[PDB]
Amino acid sequence: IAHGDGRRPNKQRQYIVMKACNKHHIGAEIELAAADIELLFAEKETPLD
Amino acid sequence: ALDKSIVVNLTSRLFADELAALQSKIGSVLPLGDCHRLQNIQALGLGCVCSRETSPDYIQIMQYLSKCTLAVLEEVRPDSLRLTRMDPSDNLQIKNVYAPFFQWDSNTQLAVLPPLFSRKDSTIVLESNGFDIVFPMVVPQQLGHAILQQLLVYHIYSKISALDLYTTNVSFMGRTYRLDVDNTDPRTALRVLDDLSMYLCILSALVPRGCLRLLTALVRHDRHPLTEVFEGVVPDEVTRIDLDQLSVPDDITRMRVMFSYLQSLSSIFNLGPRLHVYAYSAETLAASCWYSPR
Amino acid sequence: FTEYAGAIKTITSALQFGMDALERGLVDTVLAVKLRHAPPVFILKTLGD
Amino acid sequence: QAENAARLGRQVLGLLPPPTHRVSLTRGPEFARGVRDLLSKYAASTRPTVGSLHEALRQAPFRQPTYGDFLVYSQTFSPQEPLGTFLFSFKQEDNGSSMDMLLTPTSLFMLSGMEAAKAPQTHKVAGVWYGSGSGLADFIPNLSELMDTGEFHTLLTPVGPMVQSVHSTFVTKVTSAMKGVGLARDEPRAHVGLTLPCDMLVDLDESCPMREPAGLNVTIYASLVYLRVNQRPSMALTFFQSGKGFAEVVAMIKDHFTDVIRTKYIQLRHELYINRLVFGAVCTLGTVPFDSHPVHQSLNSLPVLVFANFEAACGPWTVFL
């Protein structure tokens with residue numbers, strides 16, 4: 001504001017603000033049984049398989 | 001190039017009374033505090049250091065004067081005072097309306113002094129705003145020095161009283177004047193005198209002996225126009241120092257240190273800023289001068 | 001060219017600043033004129049009757 | 001390749017002193033049209049633009065420093081400096097054609113030989129730019145005798161801040177600046193300010209306030225104090241920064257050196273030598289504008305101030321006491 005009192009008029013001012021990024025990491029575990037993976041690649045030819 | 005102008009905002013309309021005094025002194029030098037276009041009236045006075053209820057100390061006021069920027073008036077409008085500015089190193093018109101009147105000419109020399117003859121004549125009061133304005137005085141250097149000579153002599157001989165014709169009168173070719181001392185704070189005028197007691201007793205230790213023997217050959221019979229201070233009688237002290245033999249290379253080392261401490265007395269006898277007038281008009285009372293802060 | 005044209009953006013925005021800080025000077029001084037001539041309610045209410 | 005040569009046709013003819021204002025009388029009132037830089041109030045509009053005010057920005061003052069060219073032994077001028085230090089030119093006798101001796105304030109600390117706690121920070125830094133101090137003292141065999149009679153302030157001429165140093169093995173070329181703001185060489189469009197160590201500088205205007213006027217001018221003063229330490233003569237150089245006028249600062253400097261004046265002159269109840277009476281001297285190193293903030297820096301640490309818009313104006317030495 002430019003005013004007519006005796007105090008000092010202000011020059012132009014700027015601010016430079018620097019924000020950052022917080023990083024987050026999530027982990028969940030999954031167990032596959034070895035008796036369950038073994039028949040996934042096998043050959044099936046009977047109605048029980 | 002550069003601009004220099006100060007227009008002073010003011011919160012009340014002035015009366016016709018105080019407008020007549022400010023119109024009469026339209027070209028006048030007065031200091032002010034800050035270096036801006038817009039300005040309060042409480043900076044324009046020299047009365048921020050020289051008030052009525054506080055006892056003024058003219059050395060401290062003069063000590064104050066070499067800090068401030070200085071200014072010359074242009075107009076007195078009924079609301080706002082309009083002033084121009086003095087900066088190094090600029091030629092400018094200056095016009096003396098200063099009431100203890102002295103005469104200038106082309107190629108004279110000037111300096112700015114506090115009001116030391118009539119404070120009531122040189123300060124006008126503004127009852128409209130409640131703040132009073134003090135004008136300083138501009139004096140040529142010869143009377144610019146000779147007032148500060150008499151003011152330092154006064155504060156030595158007011159302390160000894162713990163009468164007036166020898167202490168408070170400034171002498172000059174053709175005129176005599178009265179310094180204005182009723183209430184002075186001597187303490188800022190005495191730290192100047194405390195440093196004079198430092199230099200002057202060092203200057204009494206390195207006195208050359210050949211220059212004292214020169215006076216013992218001089219003032220006894222050879223009477224000159226400018227040696228009438230001693231009135232024809234030698235002092236009792238000068239006969240006591242010249243008992244030694246004169247030798248040239250002793251005084252060579254003395255007169256160099258005598259030379260170098262007289263360089264230091266510039267610092268204790270300083271005036272304010274100095275004004276070198278190159279052209280002065282007589283019937284118009286204006287001049288032209290370049291401002292030099294030292 | 002991008003040094004020149006990025007310095008003419010500085011000096012305009014330093015001078016749009018100069019005018020638009022003076023339009024605040026109107027709104028300041030006009031409001032300050034009103035407050036110098038605005039006596040409070042309790043003084044003026046009984047004088048209004 | 002004449003496109004390279006026409007660039008100098010642009011830049012030399014554009015960069016000249018302004019010519020003398022001389023117009024013949026038969027042309028008439030055309031000379032008043034050639035007075036543009038004296039005009040100082042320019043019209044503003046509702047929305048002013050650079051195209052409106054490119055004429056108001058065009059008229060500029062005429063400012064130029066006067067450089068000095070110094071050719072220095074590379075033993076004295078340390079090869080790395082912060083490029084804005086203040087300089088002095090010690091001078092004893094013209095022995096050769098052009099071999100010049102220059103003294104930075106860190107180099108003049110080592111010739112002094114004062115105690116560590118007088119300047120606790122620069123003693124570490126000035127002891128790694130140099131040896132024990134006898135790498136410089138062999139040029140001046142009169143350092144014991146110039147301090148007794150007190151001639152050492154008469155032999156220094158303050159010159160101004162650095163602008164450029166082109167360093168070789170045996171000889172260092174140093175270009176300093178007098179009379180104003182020196183143009184920076186390596187960075188274009190830039191100005192070299194003056195850099196002082198924070199240890200040497202003694203500020204003078206400092207208050208609670210517990211009111212003082214503002215102004216346009218604050219002046220850096222140098223000082224150089226003759227003293228005795230360990231019954232050996234030695235000097236002390238400090239700096240001062242105030243805009244109080246010369247009549248106050250001489251009284252303000254004496255209050256700073258009150259203790260050093262007393263501890264010296266306890267000696268001369270016994271021996272009164274008139275050569276010993278000279279104590280100090282004060283120069284004027286040039287002005288600083290008011291309200292320019294001195295910016296702190298740190299180098300290797302060595303805290304070092306810097307002053308923007310420093311313009312130089314050398315003065316003589318006046319002997320205070």
# chains A, B, ... in the order shown; residues from 1 in each chain; ligands from 1

$ select_by_dssp --residues "segment 44-120 of chain B" --states "strand (DSSP E)" --output "ChimeraX atom specification"
/B:69-76,81-86,91-92,109-113

$ interface_residues --of "chain C" --to "chain D" --cutoff "12 Å" --atoms "only C-alpha atoms" --output "list in words"
residues 5, 7, 8, 9, 10, 11, 12, 13, 14, 15, 16, 17, 18, 19, 20, 22 and 23 of chain C

$ write_last_selection --atoms "C-alpha atoms" --output "CSV table (one decimal), in the first residue's frame"
chain,number,residue,atom,x,y,z
C,5,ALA,CA,12.5,-11.4,-22.9
C,7,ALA,CA,14.1,-9.4,-18.1
C,8,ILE,CA,11.3,-7.4,-19.7
C,9,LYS,CA,8.9,-9.6,-17.7
C,10,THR,CA,10.8,-8.6,-14.6
C,11,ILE,CA,10.5,-4.8,-15.2
C,12,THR,CA,6.8,-4.9,-16.1
C,13,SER,CA,5.9,-6.9,-13.0
C,14,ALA,CA,8.0,-4.4,-11.1
C,15,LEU,CA,5.9,-1.7,-12.6
C,16,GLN,CA,2.5,-3.3,-12.5
C,17,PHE,CA,3.5,-3.4,-8.8
C,18,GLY,CA,3.9,0.4,-8.8
C,19,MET,CA,0.5,1.2,-10.1
C,20,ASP,CA,-1.5,-1.5,-8.3
C,22,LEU,CA,-1.2,3.0,-5.7
C,23,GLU,CA,-4.8,1.9,-6.2

$ select_by_dssp --residues "segment 8-251 of chain B" --states "helix (DSSP H, G or I)" --output "number ranges by chain"
B: 16-24, 41-43, 58-65, 119-122, 141-159, 191-203, 209-218, 238-241, 248-251

$ residues_around --residues "segment 89-103 of chain B" --least-positions-apart "6" --cutoff "7 Å" --atoms "only C-alpha atoms" --output "number ranges by chain"
B: 25, 27-28, 137, 285-292

$ write_last_selection --atoms "C-alpha atoms" --output "short mmCIF file (atom, residue, chain, number, x, y, z; two decimals), in the first residue's frame"
data_model
loop_
_atom_site.label_atom_id
_atom_site.label_comp_id
_atom_site.auth_asym_id
_atom_site.auth_seq_id
_atom_site.Cartn_x
_atom_site.Cartn_y
_atom_site.Cartn_z
CA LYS B 25 12.18 33.30 4.51
CA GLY B 27 15.12 30.69 0.44
CA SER B 28 16.56 29.09 3.55
CA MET B 137 22.52 29.89 10.43
CA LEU B 285 20.91 38.12 -2.66
CA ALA B 286 21.10 34.77 -4.47
CA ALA B 287 24.30 32.82 -5.05
CA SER B 288 25.64 29.67 -6.67
CA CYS B 289 27.58 27.06 -4.77
CA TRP B 290 28.53 23.39 -4.68
CA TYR B 291 27.92 21.37 -1.53
CA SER B 292 30.76 19.29 -0.04
#

$ interface_residues --of "chain D" --to "chain B" --cutoff "7 Å" --atoms "only C-alpha atoms" --output "PyMOL selection string"
chain D and resi 37-38+40+60-61+213-215+243-247+250+274+318-320
